[PDB]
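Have a look at the structure below before the remarks.
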Amino acid sequence: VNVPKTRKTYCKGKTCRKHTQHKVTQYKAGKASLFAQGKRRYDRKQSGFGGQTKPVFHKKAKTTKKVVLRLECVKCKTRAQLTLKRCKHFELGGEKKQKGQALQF
Amino acid sequence: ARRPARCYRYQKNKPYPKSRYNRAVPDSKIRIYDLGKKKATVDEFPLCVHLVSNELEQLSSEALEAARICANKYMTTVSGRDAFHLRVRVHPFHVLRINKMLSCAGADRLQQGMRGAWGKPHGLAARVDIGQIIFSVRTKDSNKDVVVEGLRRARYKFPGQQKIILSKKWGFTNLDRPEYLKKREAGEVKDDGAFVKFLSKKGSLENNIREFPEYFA
Amino acid sequence: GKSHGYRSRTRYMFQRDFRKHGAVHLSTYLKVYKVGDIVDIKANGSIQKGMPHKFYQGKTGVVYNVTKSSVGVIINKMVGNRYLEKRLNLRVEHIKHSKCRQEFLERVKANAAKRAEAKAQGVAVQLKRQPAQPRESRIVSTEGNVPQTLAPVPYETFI
Amino acid sequence: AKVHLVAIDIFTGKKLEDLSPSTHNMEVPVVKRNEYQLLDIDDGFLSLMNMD
Amino acid sequence: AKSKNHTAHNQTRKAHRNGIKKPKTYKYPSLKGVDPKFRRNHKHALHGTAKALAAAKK
RNA sequence: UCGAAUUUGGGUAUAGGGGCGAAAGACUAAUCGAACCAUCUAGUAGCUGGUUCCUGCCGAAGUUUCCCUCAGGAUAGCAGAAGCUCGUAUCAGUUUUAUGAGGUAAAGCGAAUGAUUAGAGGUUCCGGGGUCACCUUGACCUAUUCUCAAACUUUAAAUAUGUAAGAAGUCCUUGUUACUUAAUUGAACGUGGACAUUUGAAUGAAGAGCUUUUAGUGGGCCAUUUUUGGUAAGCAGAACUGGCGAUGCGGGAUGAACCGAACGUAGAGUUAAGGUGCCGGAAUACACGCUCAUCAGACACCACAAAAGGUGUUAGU
RNA sequence: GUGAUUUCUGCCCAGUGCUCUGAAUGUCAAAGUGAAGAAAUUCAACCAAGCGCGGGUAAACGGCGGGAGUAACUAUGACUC
RNA sequence: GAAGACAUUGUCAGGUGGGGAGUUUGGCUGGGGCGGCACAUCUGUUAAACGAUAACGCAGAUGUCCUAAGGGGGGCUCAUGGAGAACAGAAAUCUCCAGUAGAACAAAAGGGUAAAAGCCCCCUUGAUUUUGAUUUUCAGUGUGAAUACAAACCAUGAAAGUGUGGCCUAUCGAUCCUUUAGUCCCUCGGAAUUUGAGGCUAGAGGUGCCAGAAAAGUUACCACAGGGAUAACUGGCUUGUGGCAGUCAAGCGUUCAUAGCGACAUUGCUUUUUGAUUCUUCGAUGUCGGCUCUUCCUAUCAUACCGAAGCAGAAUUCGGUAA
RNA sequence: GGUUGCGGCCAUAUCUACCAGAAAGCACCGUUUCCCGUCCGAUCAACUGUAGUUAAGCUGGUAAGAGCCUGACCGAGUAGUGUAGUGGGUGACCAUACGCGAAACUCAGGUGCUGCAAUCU
RNA sequence: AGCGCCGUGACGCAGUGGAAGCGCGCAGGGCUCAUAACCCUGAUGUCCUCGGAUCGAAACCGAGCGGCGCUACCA
RNA sequence: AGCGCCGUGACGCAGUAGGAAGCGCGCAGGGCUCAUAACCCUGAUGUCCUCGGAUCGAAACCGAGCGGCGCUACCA
RNA sequence: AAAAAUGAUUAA
Ligand SMILES: C[C@@H]1C[C@@H]([C@H](O)CC2CC(=O)NC(=O)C2)C(=O)[C@@H](C)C1
Ligand SMILES: [K+]
Ligand SMILES: [K+]
Ligand SMILES: [K+]
Ligand SMILES: [Mg+2]
Ligand SMILES: [Mg+2]
Ligand SMILES: [Mg+2]
Ligand SMILES: [Mg+2]
Ligand SMILES: [Mg+2]
Ligand SMILES: [Mg+2]
Ligand SMILES: [Mg+2]
Ligand SMILES: [Mg+2]
Ligand SMILES: [Mg+2]
Ligand SMILES: [Mg+2]
Ligand SMILES: [Mg+2]
Ligand SMILES: [Mg+2]
Ligand SMILES: [Mg+2]
Ligand SMILES: [Mg+2]
Ligand SMILES: [Mg+2]
Ligand SMILES: [Mg+2]
Ligand SMILES: [Mg+2]
Ligand SMILES: [Mg+2]
Ligand SMILES: [Mg+2]
Ligand SMILES: [Mg+2]
Ligand SMILES: [Mg+2]
Ligand SMILES: [Mg+2]
Ligand SMILES: [Mg+2]
Ligand SMILES: [Mg+2]
Ligand SMILES: [Mg+2]
Ligand SMILES: [Mg+2]
Ligand SMILES: [Mg+2]
Ligand SMILES: [Mg+2]
Ligand SMILES: [Mg+2]
Ligand SMILES: [Mg+2]
Ligand SMILES: [Mg+2]
Ligand SMILES: [Mg+2]
Ligand SMILES: [Zn+2]
């Protein structure tokens, strides 16, 4: 799929509260960042004797992911998250379609 | 090596024609449906004799072929080929299925039983009911006994009950003989390939003169 | 596996009628529905918005809500051992007035008219409908109508 | 059932073997091949050009 | 060992044992699903007509 | 086999996931693919078996959805109990009237889409093997003709199915509003007034509504009809209804389900289904015919019969 | 491991295993080192063995192919692909 | 005498470690296993004209694709045929006529659509924010999908109007944990500041056994609880397959359908084969054959008496009564 | 009654061939400076209503016309079907009783009706 | 019975939805007295059939044909 | 015993989904050679195993026979 | 010290 890098959409930033211009990027997760409480609990539980203490997932079925769009207002820098359907190929702001063109083979 | 006809005698299933969902059907055994002087005109063979079914069943194409051969061969041997026209009036459109099993000692190691029992096409049958014409013969009045006994011989090739009916219609037309005579004495009948065309009060007038010209005189 | 989607088994009842395809005539859109009107549900297959589910084809209900292009229809649906109130949001394409309720309203006006006349003259106007009564006596004259008919007929081949 | 599998690495050319029950799942890569036109080859490192 | 898959046998007899009952309509049904603009109006119309009735009766 | 890798006493050593094994998973005190004794320990069991007095009243389920769910649970239903608010109704496994909805049965194919038999007449700048604008395998068109469809259809039943048949109604004024209209227009809700005892079809109503809480069940099976797979099946799988299970009684000799009819303890009468030669209660009744079998026949479910044939005999065309 | 004597014990080290090097590099723990921070801490470099890369080894585990043409009767195929 | 701050020993860290330990090794299923997916779904049919409806029924499809293939508006009309135009021909572009869709609309199938939902062009982001109500599956739970409003902000158009993704019917995912966005808010409990951590609202990372454990085999050395809910022997139903009989009569039999045969067809019977089924038996009915011994059946090989023959005789062949 | 503007039902309105059309209306029609749009003033834009024509559109008629619409004790109470019997038949199936009931077929008619507003030999 | 695979130039075989390639074989010329070797040059394919989807299939789908195989266990 | 197959010159092989047969060896005759062999050309050689059927027409389709090939043939 | 195989039968 192909989504533009720029998009006009509603911004609920308490100063816009209206359709403003947004910059579009893809959401990236970020580092798991140990010292999170779940990570501390997990390290404490895995210490000592007893083997593996938690489930280890194996039965992978999905091959794609949902794409999340990170929308940034250009007036107040407020951000918003939009979700798209599953896709295999995702690209941002590239190569708008040409309608009446010969096949390149 | 084909199953006896009692396995497929009755119309237990819905019709199962060759279609885009079936498309893997063997060819029917019967290919010829008109025999004798099939190009003969209507007025040449005023007499019609029918082999009317008396049971609601289905007739295999093998039986249709066998009775076709028997009736045609007898009538051709006795009164020649040009003395009659035989039209068989049922087509094997229903497909029979067989769930084929192994038939040897040791079949139990691989037999699979009644699982996935949907059968594959096995043969073709024509579905007929009470009073449905199977065979029709048109000939002259003087050739009545030959075609009657030929249809009697064809009867033994079919399962169940069948009657022999002398028609009161002129040949293969839907008209009685006296009314067909009344129509040729007028200008209401024009010859065609083997059948005829009729003149009506309806339609374009000038068309009804270019056809049937000798009427309106 | 089995398939039980929203529009399954609707092949023939979401057809348009033969030689009746195309656009909808404006009398569909000029009909006025009030709350309390009794309407019949029949989906127009050419309008895929506000379309009722296949269950409600042929059901008759009461309008409870009126919106811009749609009405809210209340239908009683038998689920198990009781009827559940079901509320539908249907565009007016799939909706027509119940003609039976139109004759009921006309009959109410006619009943009022009969009672109004009877209050002045001709008391005991006897409003209620009655079922088809047995016929009374009559004298069937034969003069010019002499009875004449034969017996059953013999069997003939006709083949 | 179990499946014994013998396969050659598509890059290193080495034989790999593995075995698994016939009804468990294994991964299959998303192997794709692409046409390119051969420009210069200087320090190895073939320089290639796409359909564009 | 396969068992029976499905049947609606005896289900109507069970349903009719305690009868199939209509949902007992009331006067003044709930305004759930009615248009909010209509509901907002109707609150003020009811308030005004009760005010007029109480003012007249005293 | 019998002079040695011999046989054997006594002593001694090796102890249980340990020993010992010229190897058999052998042996380790009648115990060995992990001894024996005691304890944890009344170990756990969705599995088998059992589960102790009487009478009275009511009275099932084998189905829905979810579950490493398929011999089990939860959930809803079916059942009981406690009742509560009222006192003939906001009702109904029914009909009528009115009004919808449907695409099956049937039908149709010289109507669409597919399938399909045979000729006829025209179209070769549409290729016909043929000689200078032709009968002579084709393909196309036109008018015909034979036969078809679970996944074709113009048409289109029967049965089943929705709704309405008023007081929470109808009509007349004029009130509310921030909704609506160009508007003092509507929308919805109202004040006041009018409508009489047929308050707006029929029949019935055994009291009508309402609530809490909890049992068992969650293997089903049979019959008529519809119906799928299968050569078929006392086969496997669905639909509606009635049954059996849970149920005796009369009849079908016998039999879960068929027919009749459902059950407190008795008496009398009358019947059902089925019968009335004798077993066996009840006409070896009456009447008109048919049948003679050196393998007659003799009551539905049901305990089978076919294609085919006969100057047997009877009736008939 | 094989199993008296006799006579033999062919070919295959790609896989699995076993074994032997290098420092030319990849992976790379704890401790130690450096840097940013107020500090917890974060980042980076260095980084043993093993792994990885590369040799050896079958009386280690084991393994030990298809198709086609071709001779002056055919048939077969010494030969050839 | 050797050896020496090295070894050793202690603690932590990486590797190796079936030698040993613990555990697991899905379900449905005409028994199980192998196969398949009928395990979450969608179209048509089965399905019996409301709705619902099963099978390892039938014919298929889904785990995607799309900044346009979404939204609005404008203009035009498609498949196909006929007649024509240099190269150009059956298929290149151009023109006219006919053309109810016989085209196209991402992708199965069904439905829908002609001044359009198709094709081309001009703008655009409504594929947005806040929640509630509703429909389908349904317990009237969730999830997925969808319908109609409300309050905003917008797009498009002259405007009515339309637009909360794809013309409709499929295209997907809880708890815990991690992560991001939002409010710049609440808490770290002796009082503050700053890091850090924890909360509230809303997305993502995934459970396809799709209401969502983290999971390899073998056992003929085997064990237990059970099951005739379920296979393997007998019996029962069926009789495809096996075996036997009939009807017809093309043809064979020098001449001649039927002395004897008898194709193509077709009607049966039997239970001595093999299957199908799963009703009886799993707190056990001893499971092949042979040997021994009795009896029964007849569909008769021989023997008795017969009829027929392409029966001179002989020898045969067909048939009746007959076990 | 004709015509026009907007329509309602959406073929009794459609289709094929031919004929006719006072008056008005509609239409064809003439032109490109302007607004606007094209490969092309052909469509669309604008101007004139003048220069011309009913040739075409449009409206009506004609046709043993095609289609479509309505009806018939035409087929036919046929096909189908609900209920019932210890009905018939070996069975497939069939009849009867109490009910409902087609579609093809044949024949006969018909071929737009109409609302608001303006105008007219 | 159920399931899987293969079919390409004369032969053995590759093959990326944009009309097919390696090795021999074959053909032409040369060298040799001649053949082979050798040298210089060319050519050879409804991709098993018949339909379908796609603008376009050798590849995808449906059938039909011909070969190769696998399962065949507890009784 | 069943279920599939196949049979084409003197010898082998090709048909194909019906409109009468091709190729290669062998034979004979020619061309080359002193004469041969090899080579080349040409010709002959198949009543498609027999019989029967359906068809306008069968080596191709159907049945029988004959011969050969391949697969299958209690049971615990 | 590069490579270099073959040549049908009979006929003083
Ligand atoms: C596969 C990974 C983890 C998974 C999930 O946290 C796994 C389990 C872990 C656990 O122990 N208890 C749970 O309740 C969930 C999840 O959410 C996915 C999106 C991402
Ligand atoms: K089941
Ligand atoms: K249907
Ligand atoms: K184990
Ligand atoms: Mg610790
Ligand atoms: Mg540790
Ligand atoms: Mg069936
Ligand atoms: Mg939509
Ligand atoms: Mg001795
Ligand atoms: Mg052992
Ligand atoms: Mg012992
Ligand atoms: Mg009691
Ligand atoms: Mg009781
Ligand atoms: Mg039990
Ligand atoms: Mg149970
Ligand atoms: Mg019970
Ligand atoms: Mg009895
Ligand atoms: Mg009864
Ligand atoms: Mg007595
Ligand atoms: Mg040794
Ligand atoms: Mg060796
Ligand atoms: Mg470190
Ligand atoms: Mg081995
Ligand atoms: Mg272990
Ligand atoms: Mg299982
Ligand atoms: Mg599930
Ligand atoms: Mg239905
Ligand atoms: Mg968190
Ligand atoms: Mg049982
Ligand atoms: Mg048999
Ligand atoms: Mg059992
Ligand atoms: Mg027992
Ligand atoms: Mg047991
Ligand atoms: Mg015994
Ligand atoms: Mg006998
Ligand atoms: Mg020599
Ligand atoms: Zn902003």
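FYI, nothing fancy with the structure tokens labels: chains A, B, ... in order, residues from 1 per chain, ligands from 1 as they appear.
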
Practice problem: Identify all residues of chain C in alpha helix (DSSP H) (DSSP on the backbone) and supply them as a PyMOL selection string. | Solution: chain C and resi 99-118

Self-check item: Surrounding residues as a list in words, ligand 23, max 10 Å, only C-alpha atoms (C1' of nucleotides) and all ligand atoms
Solution: residues 61, 62 and 63 of chain G

Environment of ligand 25 within 9 Å, counting only C-alpha atoms (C1' of nucleotides) and all ligand atoms, reported as a PDB file with N, CA, C and O atoms (P, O5', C5', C4', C3', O3' and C1' of nucleotides), in the first residue's frame:
```
ATOM      1  P     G H  26      -0.832 -36.512  20.904  1.00  0.00           P
ATOM      2  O5'   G H  26      -1.923 -35.413  21.241  1.00  0.00           O
ATOM      3  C5'   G H  26      -1.935 -34.168  20.573  1.00  0.00           C
ATOM      4  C4'   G H  26      -3.149 -33.364  20.947  1.00  0.00           C
ATOM      5  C3'   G H  26      -4.475 -33.840  20.380  1.00  0.00           C
ATOM      6  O3'   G H  26      -5.056 -34.879  21.148  1.00  0.00           O
ATOM      7  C1'   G H  26      -4.244 -31.544  19.969  1.00  0.00           C
ATOM      8  P     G H  27      -5.941 -36.019  20.455  1.00  0.00           P
ATOM      9  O5'   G H  27      -7.209 -35.250  19.902  1.00  0.00           O
ATOM     10  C5'   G H  27      -8.216 -34.763  20.770  1.00  0.00           C
ATOM     11  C4'   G H  27      -9.200 -33.895  20.035  1.00  0.00           C
ATOM     12  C3'   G H  27     -10.063 -34.575  18.987  1.00  0.00           C
ATOM     13  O3'   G H  27     -11.191 -35.236  19.533  1.00  0.00           O
ATOM     14  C1'   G H  27      -9.151 -32.609  18.084  1.00  0.00           C
ATOM     15  P     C H  28     -11.668 -36.648  18.955  1.00  0.00           P
ATOM     16  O5'   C H  28     -12.598 -36.292  17.725  1.00  0.00           O
ATOM     17  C5'   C H  28     -13.620 -35.318  17.825  1.00  0.00           C
ATOM     18  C4'   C H  28     -13.974 -34.790  16.462  1.00  0.00           C
ATOM     19  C3'   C H  28     -14.350 -35.831  15.423  1.00  0.00           C
ATOM     20  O3'   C H  28     -15.717 -36.182  15.487  1.00  0.00           O
ATOM     21  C1'   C H  28     -12.799 -34.299  14.498  1.00  0.00           C
ATOM     22  P     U H  29     -16.187 -37.708  15.540  1.00  0.00           P
ATOM     23  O5'   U H  29     -15.726 -38.354  14.170  1.00  0.00           O
ATOM     24  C5'   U H  29     -16.033 -37.779  12.909  1.00  0.00           C
ATOM     25  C4'   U H  29     -15.023 -38.185  11.869  1.00  0.00           C
ATOM     26  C3'   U H  29     -15.067 -39.658  11.466  1.00  0.00           C
ATOM     27  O3'   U H  29     -14.750 -39.777  10.087  1.00  0.00           O
ATOM     28  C1'   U H  29     -12.918 -39.125  12.231  1.00  0.00           C
ATOM     29  P     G H  32     -12.098 -43.421  14.795  1.00  0.00           P
ATOM     30  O5'   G H  32     -10.572 -43.748  15.062  1.00  0.00           O
ATOM     31  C5'   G H  32     -10.066 -43.914  16.373  1.00  0.00           C
ATOM     32  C4'   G H  32      -8.757 -44.653  16.380  1.00  0.00           C
ATOM     33  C3'   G H  32      -7.648 -44.125  15.501  1.00  0.00           C
ATOM     34  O3'   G H  32      -7.021 -42.967  16.011  1.00  0.00           O
ATOM     35  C1'   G H  32      -7.728 -46.469  15.333  1.00  0.00           C
TER      36        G H  32
END
```

Practice problem: Could the residues of chain D within 10 Å of chain J, counting only C-alpha atoms (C1' of nucleotides), be given as a VMD selection string, please? | Solution: chain D and resid 32 to 35

Practice problem: Residues within 10 Å of ligand 24, counting only C-alpha atoms (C1' of nucleotides) and all ligand atoms: report them as a ChimeraX atom specification. | Solution: /H:18,20-23

Self-check item: Neighbourhood of ligand 29 at 9 Å, counting only C-alpha atoms (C1' of nucleotides) and all ligand atoms, reported as a VMD selection string
Solution: (chain F and resid 219) or (chain H and resid 228 to 229 279)

Self-check item: Shell of 10 Å around residue A:90, only C-alpha atoms (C1' of nucleotides), local chain residues under 2 positions omitted, as a VMD selection string
Solution: chain A and resid 1 to 3 26 67 86 to 88 92

Quiz item: Residues at most 8 Å from ligand 30, using only C-alpha atoms (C1' of nucleotides) and all ligand atoms? Could they come as a list in words?
Solution: residues 4 of chain B; 241, 242 and 243 of chain H

Practice problem: Can you pull out every residue within 10 Å of residue H:323, counting only C-alpha atoms (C1' of nucleotides), but drop anything in the same chain fewer than 2 positions away, and send it as a ChimeraX atom specification? | Solution: /H:297-298,300

Practice problem: Give the residue list for ligand 7 at 7 Å, counting only C-alpha atoms (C1' of nucleotides) and all ligand atoms, as a PyMOL selection string, sorted by chain and then by residue number. | Solution: (chain B and resi 12-13) or (chain F and resi 228-229)

Those residues with N, CA, C and O atoms (P, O5', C5', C4', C3', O3' and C1' of nucleotides), as a PDB file, in the first residue's frame please?
```
ATOM      1  N   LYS B  12     -34.210 -42.279  -7.620  1.00  0.00           N
ATOM      2  CA  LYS B  12     -34.028 -41.978  -6.208  1.00  0.00           C
ATOM      3  C   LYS B  12     -33.369 -40.625  -5.981  1.00  0.00           C
ATOM      4  O   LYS B  12     -33.614 -39.989  -4.953  1.00  0.00           O
ATOM      5  N   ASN B  13     -32.537 -40.171  -6.910  1.00  0.00           N
ATOM      6  CA  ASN B  13     -31.811 -38.921  -6.761  1.00  0.00           C
ATOM      7  C   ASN B  13     -32.480 -37.814  -7.561  1.00  0.00           C
ATOM      8  O   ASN B  13     -33.376 -38.046  -8.369  1.00  0.00           O
TER       9      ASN B  13
ATOM     10  P     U F 228     -33.027 -36.142  -2.075  1.00  0.00           P
ATOM     11  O5'   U F 228     -31.598 -36.085  -1.401  1.00  0.00           O
ATOM     12  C5'   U F 228     -30.861 -34.877  -1.348  1.00  0.00           C
ATOM     13  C4'   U F 228     -29.589 -35.067  -0.580  1.00  0.00           C
ATOM     14  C3'   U F 228     -28.789 -36.297  -0.946  1.00  0.00           C
ATOM     15  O3'   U F 228     -28.007 -36.132  -2.111  1.00  0.00           O
ATOM     16  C1'   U F 228     -28.998 -36.186   1.391  1.00  0.00           C
ATOM     17  P     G F 229     -27.665 -37.392  -3.030  1.00  0.00           P
ATOM     18  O5'   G F 229     -26.578 -38.200  -2.205  1.00  0.00           O
ATOM     19  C5'   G F 229     -25.318 -37.636  -1.892  1.00  0.00           C
ATOM     20  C4'   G F 229     -24.499 -38.556  -1.023  1.00  0.00           C
ATOM     21  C3'   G F 229     -24.383 -39.993  -1.484  1.00  0.00           C
ATOM     22  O3'   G F 229     -23.436 -40.180  -2.516  1.00  0.00           O
ATOM     23  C1'   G F 229     -24.892 -39.963   0.802  1.00  0.00           C
TER      24        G F 229
END
```

Exercise. Name all residues at most 7 Å from stretch 69-83 of chain C (count only C-alpha atoms (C1' of nucleotides); drop same-chain ones fewer than 2 positions away) and give them as a list in words.
Key: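 These residues fall inside the cut-off: residues 60, 61, 62, 63, 64, 65, 66, 67, 85, 86, 87, 88, 89, 90, 91 and 92 of chain C; 15, 16, 19, 20, 21, 22 and 23 of chain E; 148 of chain H.
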
I need the residues from that last selection saved to file as a PDB file, in the first residue's frame (with N, CA and C atoms (P, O5', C5', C4', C3', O3' and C1' of nucleotides)), if you can.
```
ATOM      1  N   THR C  60     -43.676  -7.159   9.337  1.00  0.00           N
ATOM      2  CA  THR C  60     -44.434  -5.928   9.473  1.00  0.00           C
ATOM      3  C   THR C  60     -44.211  -5.381  10.870  1.00  0.00           C
ATOM      4  N   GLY C  61     -43.950  -4.083  10.963  1.00  0.00           N
ATOM      5  CA  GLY C  61     -43.652  -3.492  12.246  1.00  0.00           C
ATOM      6  C   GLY C  61     -44.166  -2.091  12.436  1.00  0.00           C
ATOM      7  N   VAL C  62     -43.788  -1.473  13.547  1.00  0.00           N
ATOM      8  CA  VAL C  62     -44.237  -0.139  13.909  1.00  0.00           C
ATOM      9  C   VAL C  62     -43.033   0.787  13.905  1.00  0.00           C
ATOM     10  N   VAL C  63     -43.220   1.978  13.354  1.00  0.00           N
ATOM     11  CA  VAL C  63     -42.163   2.976  13.288  1.00  0.00           C
ATOM     12  C   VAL C  63     -42.047   3.653  14.647  1.00  0.00           C
ATOM     13  N   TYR C  64     -40.848   3.627  15.224  1.00  0.00           N
ATOM     14  CA  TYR C  64     -40.601   4.324  16.477  1.00  0.00           C
ATOM     15  C   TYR C  64     -39.693   5.533  16.329  1.00  0.00           C
ATOM     16  N   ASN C  65     -38.842   5.566  15.311  1.00  0.00           N
ATOM     17  CA  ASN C  65     -37.904   6.659  15.125  1.00  0.00           C
ATOM     18  C   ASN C  65     -37.874   7.073  13.662  1.00  0.00           C
ATOM     19  N   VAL C  66     -37.777   8.375  13.423  1.00  0.00           N
ATOM     20  CA  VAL C  66     -37.739   8.942  12.080  1.00  0.00           C
ATOM     21  C   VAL C  66     -36.478   9.787  11.963  1.00  0.00           C
ATOM     22  N   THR C  67     -35.612   9.440  11.021  1.00  0.00           N
ATOM     23  CA  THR C  67     -34.343  10.126  10.802  1.00  0.00           C
ATOM     24  C   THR C  67     -34.336  10.749   9.410  1.00  0.00           C
ATOM     25  N   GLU C  85     -37.921  -7.811  21.347  1.00  0.00           N
ATOM     26  CA  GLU C  85     -38.045  -6.553  20.625  1.00  0.00           C
ATOM     27  C   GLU C  85     -36.783  -6.310  19.813  1.00  0.00           C
ATOM     28  N   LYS C  86     -36.929  -6.104  18.513  1.00  0.00           N
ATOM     29  CA  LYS C  86     -35.810  -5.831  17.632  1.00  0.00           C
ATOM     30  C   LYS C  86     -36.031  -4.482  16.974  1.00  0.00           C
ATOM     31  N   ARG C  87     -34.986  -3.669  16.931  1.00  0.00           N
ATOM     32  CA  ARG C  87     -35.085  -2.314  16.417  1.00  0.00           C
ATOM     33  C   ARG C  87     -34.196  -2.187  15.194  1.00  0.00           C
ATOM     34  N   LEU C  88     -34.796  -1.820  14.072  1.00  0.00           N
ATOM     35  CA  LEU C  88     -34.131  -1.767  12.785  1.00  0.00           C
ATOM     36  C   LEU C  88     -34.064  -0.328  12.300  1.00  0.00           C
ATOM     37  N   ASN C  89     -32.976   0.004  11.617  1.00  0.00           N
ATOM     38  CA  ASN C  89     -32.784   1.306  10.988  1.00  0.00           C
ATOM     39  C   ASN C  89     -32.778   1.090   9.482  1.00  0.00           C
ATOM     40  N   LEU C  90     -33.895   1.394   8.828  1.00  0.00           N
ATOM     41  CA  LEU C  90     -34.080   1.056   7.425  1.00  0.00           C
ATOM     42  C   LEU C  90     -34.334   2.299   6.598  1.00  0.00           C
ATOM     43  N   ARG C  91     -33.632   2.414   5.480  1.00  0.00           N
ATOM     44  CA  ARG C  91     -33.952   3.452   4.518  1.00  0.00           C
ATOM     45  C   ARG C  91     -35.325   3.190   3.917  1.00  0.00           C
ATOM     46  N   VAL C  92     -35.990   4.263   3.499  1.00  0.00           N
ATOM     47  CA  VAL C  92     -37.382   4.200   3.058  1.00  0.00           C
ATOM     48  C   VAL C  92     -37.541   3.469   1.731  1.00  0.00           C
TER      49      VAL C  92
ATOM     50  N   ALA E  15     -40.588 -25.152  23.667  1.00  0.00           N
ATOM     51  CA  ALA E  15     -40.860 -23.724  23.580  1.00  0.00           C
ATOM     52  C   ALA E  15     -42.297 -23.415  23.959  1.00  0.00           C
ATOM     53  N   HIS E  16     -43.231 -24.248  23.517  1.00  0.00           N
ATOM     54  CA  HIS E  16     -44.643 -24.040  23.795  1.00  0.00           C
ATOM     55  C   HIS E  16     -45.078 -24.543  25.157  1.00  0.00           C
ATOM     56  N   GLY E  19     -45.307 -21.554  26.807  1.00  0.00           N
ATOM     57  CA  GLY E  19     -45.847 -20.624  25.840  1.00  0.00           C
ATOM     58  C   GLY E  19     -44.796 -19.729  25.241  1.00  0.00           C
ATOM     59  N   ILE E  20     -45.102 -19.140  24.095  1.00  0.00           N
ATOM     60  CA  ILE E  20     -44.272 -18.100  23.505  1.00  0.00           C
ATOM     61  C   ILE E  20     -45.016 -16.789  23.680  1.00  0.00           C
ATOM     62  N   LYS E  21     -44.425 -15.877  24.448  1.00  0.00           N
ATOM     63  CA  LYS E  21     -45.122 -14.708  24.961  1.00  0.00           C
ATOM     64  C   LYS E  21     -44.672 -13.442  24.252  1.00  0.00           C
ATOM     65  N   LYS E  22     -45.628 -12.552  24.019  1.00  0.00           N
ATOM     66  CA  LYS E  22     -45.338 -11.237  23.481  1.00  0.00           C
ATOM     67  C   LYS E  22     -44.718 -10.355  24.565  1.00  0.00           C
ATOM     68  N   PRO E  23     -43.930  -9.343  24.180  1.00  0.00           N
ATOM     69  CA  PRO E  23     -43.110  -8.631  25.173  1.00  0.00           C
ATOM     70  C   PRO E  23     -43.788  -7.566  26.028  1.00  0.00           C
TER      71      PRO E  23
ATOM     72  P     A H 148     -26.912   3.747   6.522  1.00  0.00           P
ATOM     73  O5'   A H 148     -27.772   4.449   7.657  1.00  0.00           O
ATOM     74  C5'   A H 148     -29.172   4.263   7.736  1.00  0.00           C
ATOM     75  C4'   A H 148     -29.726   4.841   9.011  1.00  0.00           C
ATOM     76  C3'   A H 148     -29.289   6.254   9.348  1.00  0.00           C
ATOM     77  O3'   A H 148     -30.012   7.239   8.642  1.00  0.00           O
ATOM     78  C1'   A H 148     -29.089   4.898  11.259  1.00  0.00           C
TER      79        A H 148
END
```

Practice problem: May I have the residues within 9 Å of residue K:62 as a ChimeraX atom specification, using only C-alpha atoms (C1' of nucleotides) and disregarding those fewer than 4 positions away in the same chain? | Solution: /H:264 /K:53-54

Exercise. Could you tell me, counting only C-alpha atoms (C1' of nucleotides) and all ligand atoms, which protein and nucleic acid residues lie no more than 12 Å from ligand 26, written as a VMD selection string?
Key: (chain F and resid 65 to 69) or (chain H and resid 27 39 to 41 208 to 212)
